[PDB]
Amino acid sequence: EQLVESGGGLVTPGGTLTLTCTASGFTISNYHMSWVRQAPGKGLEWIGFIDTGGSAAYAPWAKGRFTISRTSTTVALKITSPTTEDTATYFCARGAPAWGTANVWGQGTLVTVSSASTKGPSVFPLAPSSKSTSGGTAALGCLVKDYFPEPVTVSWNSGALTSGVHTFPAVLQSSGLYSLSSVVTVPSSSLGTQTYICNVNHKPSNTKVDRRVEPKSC
Amino acid sequence: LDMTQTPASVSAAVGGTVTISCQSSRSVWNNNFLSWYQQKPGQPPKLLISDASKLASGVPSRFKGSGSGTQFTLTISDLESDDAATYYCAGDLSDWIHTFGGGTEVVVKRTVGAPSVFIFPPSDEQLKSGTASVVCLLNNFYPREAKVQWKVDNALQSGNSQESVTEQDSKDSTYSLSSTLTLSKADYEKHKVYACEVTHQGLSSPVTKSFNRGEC
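Counting of residues restarts from 1 for each chain and follows the sequence as written, so the numbers need not equal those of the entry; residues with no coordinates are not shown. Naming scheme: in the order in which they are written, chains are lettered from A and ligands are numbered from 1. Heavy atoms from the whole structure form the basis of all side-chain values; hydrogens and water molecules are not counted.

- Structure determination for this entry is recorded as X-ray crystallography, at 1.7710 Å resolution.

### As for the overall build of chain B
Link 1 in the chain: When helices and strands are tallied, chain B shows two helices and 19 strands.
Link 2 in the chain: The globule rule used here is 2.2 Å times the number of residues to the 0.38 power, and the radius of gyration it is set against is calculated over C-alpha atoms. What you see for chain B is a C-alpha radius of gyration of 23 Å, clearly larger than the 17 Å of a compact globule of 216 residues, by over 25%.
Link 3 in the chain: With the C-alpha coordinates aligned to their principal axes, the bounding extent of chain B is approximately 70 × 35 × 25 Å.
Link 4 in the chain: Buried, partly exposed and exposed residues are distinguished by accessible area as a fraction of the type maximum, computed with a 1.4 Å probe on protein chains only: under 20%, between the cut-offs, and over 50%, respectively. The burial tally for chain B puts 47% of its 216 residues in the buried class. Only runs of H or I of at least four residues qualify as helices and only runs of E of at least two qualify as strands under DSSP, and these elements are numbered from the N terminus.

### Points about the domain arrangement of chain B
Residue and element names in this part refer to chain B.
Link 1 in the chain: Boundaries of every domain are those given by an automatic assignment or by a domain database. Partitioning chain B into structural domains gives domain 1 (1–110) and domain 2 (111–213).
Link 2 in the chain: The distance between the C-alpha centroids of domain 1 and domain 2 comes to 37 Å.
Link 3 in the chain: In this description, contact between two residues means that some pair of their heavy atoms is separated by no more than 4.5 Å. Contacts between domain 1 and domain 2 engage nine residues on the former and twelve residues on the latter.
Link 4 in the chain: Buried surface at the junction of domain 1 and domain 2, summed over both partners, amounts to about 850 Å²; 47% is from carbon and sulfur atoms.
Link 5 in the chain: On the domain 1 side of the interface with domain 2, the three residues burying the most area are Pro 41, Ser 81 and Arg 110, jointly 65% of the side's total.
Link 6 in the chain: Polar contacts here mean pairs of N or O atoms no more than 3.5 Å apart (in protein, one a potential hydrogen donor and the other a potential acceptor; neighbouring residues in sequence count only if both atoms are side-chain atoms). Here domain 1 is connected to domain 2 by four residue pairs in polar contact.
Link 7 in the chain: Across the side of domain 1 that touches domain 2, the residue classes break down as five nonpolar, one polar and three charged. Throughout, buried area stands for the accessible area (probe radius 1.4 Å) lost by two parts on being put together, summed over both. All amino acids are sorted into three groups, where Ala, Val, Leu, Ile, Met, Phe, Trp, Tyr, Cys and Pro are nonpolar, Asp, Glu, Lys and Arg are charged, and the leftover types, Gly among them, are polar.

### Looking at the state of the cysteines
Link 1 in the chain: To count as a disulfide, a pair of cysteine sulfur atoms needs to be within 2.5 Å. For the structure shown, the criterion picks out five disulfides over all chains.
Link 2 in the chain: In this model, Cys142(A) is linked to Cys198(A) through a disulfide, with the two sulfur atoms separated by 2.0 Å. One quick way to see it: the torsion about the S-S bond of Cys142(A) and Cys198(A) is about -95°, and its sign makes the bridge left-handed. Placement of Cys142(A) in strand β13 (residues 137–147) and of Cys198(A) in strand β18 (residues 197–202) is noted, with a sequence separation of 56 residues between them.
Link 3 in the chain: Bridging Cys22(B) to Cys89(B), the disulfide has an S-S length of 2.0 Å. Disulfide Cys22(B)-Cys89(B): the torsion about the S-S bond is -85°, which places it as left-handed. Remark: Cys89(B) occurs in strand β9 (residues 85–92) and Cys22(B) occurs in strand β3 (residues 18–24); sequence separation between them is 67 residues.
Link 4 in the chain: Note on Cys22(B): relative accessible area 0%, which makes it buried.
Link 5 in the chain: Given the relative accessible area of 0%, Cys89(B) is considered buried.

### What to know about the pattern of salt bridges
Residues and elements named next belong to chain A.
Link 1 in the chain: By salt bridge we mean one thing: a side-chain nitrogen of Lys or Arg within 4 Å of a carboxyl oxygen of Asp or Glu. Counted by the stated rule, this structure contains eleven salt bridges over all chains.
Link 2 in the chain: As a salt-bridge pair, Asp 86 and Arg 37 come within 2.9 Å of each other at their nearest N and O atoms. One end of the pair, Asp 86, is in the loop between β8 (74–80) and β9 (88–94); the other, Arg 37, is in strand β4 (residues 33–38), with 49 residues separating them in the sequence.
Link 3 in the chain: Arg 37 sits in the buried class, given a relative accessible area of 9%.

### Points about the sheet that holds strand β13 (residues 131–141) of chain B
Residues and elements named next belong to chain B.
Link 1 in the chain: Any two strands are treated as partners once DSSP identifies two or more bridges connecting them. The strand order across the open sheet formed by four strands is β12-β13-β17-β16, and the pairing between neighbours is antiparallel. Each having just a single partner strand, β12 (116–120) and β16 (161–165) make up the two edges of the open sheet. On average, each strand axis in the sheet is inclined to that of its neighbour by 15°, with strand direction left out of account. A fitted line through C-alpha atoms represents every axis, and for helices the fit uses only the stretch in contact; the resulting angles, taken between N-to-C directions, go from 0 to 180 degrees.

### Examining the domain arrangement of chain A
Residues and elements named next belong to chain A.
Link 1 in the chain: If you check the domain split of chain A, you get domain 1 (1–115) and domain 2 (116–218).
Link 2 in the chain: Each of domain 1 and domain 2 has a C-alpha centre, and these two points are 33 Å apart.
Link 3 in the chain: If you look at the interface, domain 1 gives five residues, while domain 2 gives six residues.
Link 4 in the chain: Around 420 Å² of area is buried between domain 1 and domain 2 when both sides are counted, 64% of it from carbon and sulfur atoms.
Link 5 in the chain: It is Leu 10, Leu 110 and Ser 115 that lose the most area in domain 1 upon contact with domain 2, and together they represent 71% of the buried surface on that side.
Link 6 in the chain: In this structure, the connection of domain 1 to domain 2 is made through zero salt bridges.

Put into structure tokens, the structure is as follows:
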């Protein structure tokens, strides 16, 4: 049983965006469907739901600004006249949040309300060294700089390297662009032998970057 | 609030017990239409319990829901490292009032551990573009609070750094932190000694990692 969300992304203030969810492993028309949002760093907030007949109910704050609809195979959420306060991750959730049928949620899609343009990242090495090794263990990484909007994903060696990896939450820079680092600790004795490549994906700009990170020739 | 969830944060060591409370403004539907969720970073929340006490599929019995009417409790026994997460109750208060509690962070208690510290110079690639990012990594420490001070030729740097901290690790219950100092290429190349000074409960005295610009 699975819900797949789509339709998110960047939207100009006052514009209009629509999110859609489809179902796998169950029949979506047999259920109530809710929409729930979560602003960055905040808690879950129920927007509304729709019954099997197509009748929708909303939270008091959400009325007039959100429209929930459904077809035989989909459920959708239209966002009317978004402000920056509507920037959030939106989830489709089966049933209603208190109900036993709410064990199936979509992965969530980020809606960013902004007039700014999409921009792909530059990826820079965080190179291992003498100032970056302790006890036989070194650290290295990638600095993923100046992208918009969120999100970016980072893997190492195409997912083969996961132990000791830390990918940090993005920070919003004063420029209005995001930056994040991903690091991993490795044996210092491996730095000449083993290859370390961070795989960066910024789907909003359809940008993919592979950056090999090695000690700097100095 | 329609739903009042307390406390904001709760903590126990592995094997311990934590207790989370939720009170609704009026009785939930059927006196038990109350659910509990667990949420980790980058993920949707996962249903633990519905109907006040009924375990969702795949959820261990150490998650115990109790209560009725307006007063509900989530008791997590035999706490595991992977229980580090934020937890929410959700209620159906009739009249189509569907609402979440404000959430409770669960911190897994752990032996105090000092960070391993690493400093990274800006890449030549980035410098060509006119900006220099200097990064200091504080790796695998506990508890969460840590202080980073940047020094450039022993001048304390203020207002030109930003930091980010990871979630508590699901296996070893540590945190990691990155701090990034931003300078222009011109400012960077006018100075020699770049130092990251770290203060943490697991350290008897501050730890400093440094590099000299250009040096191997």
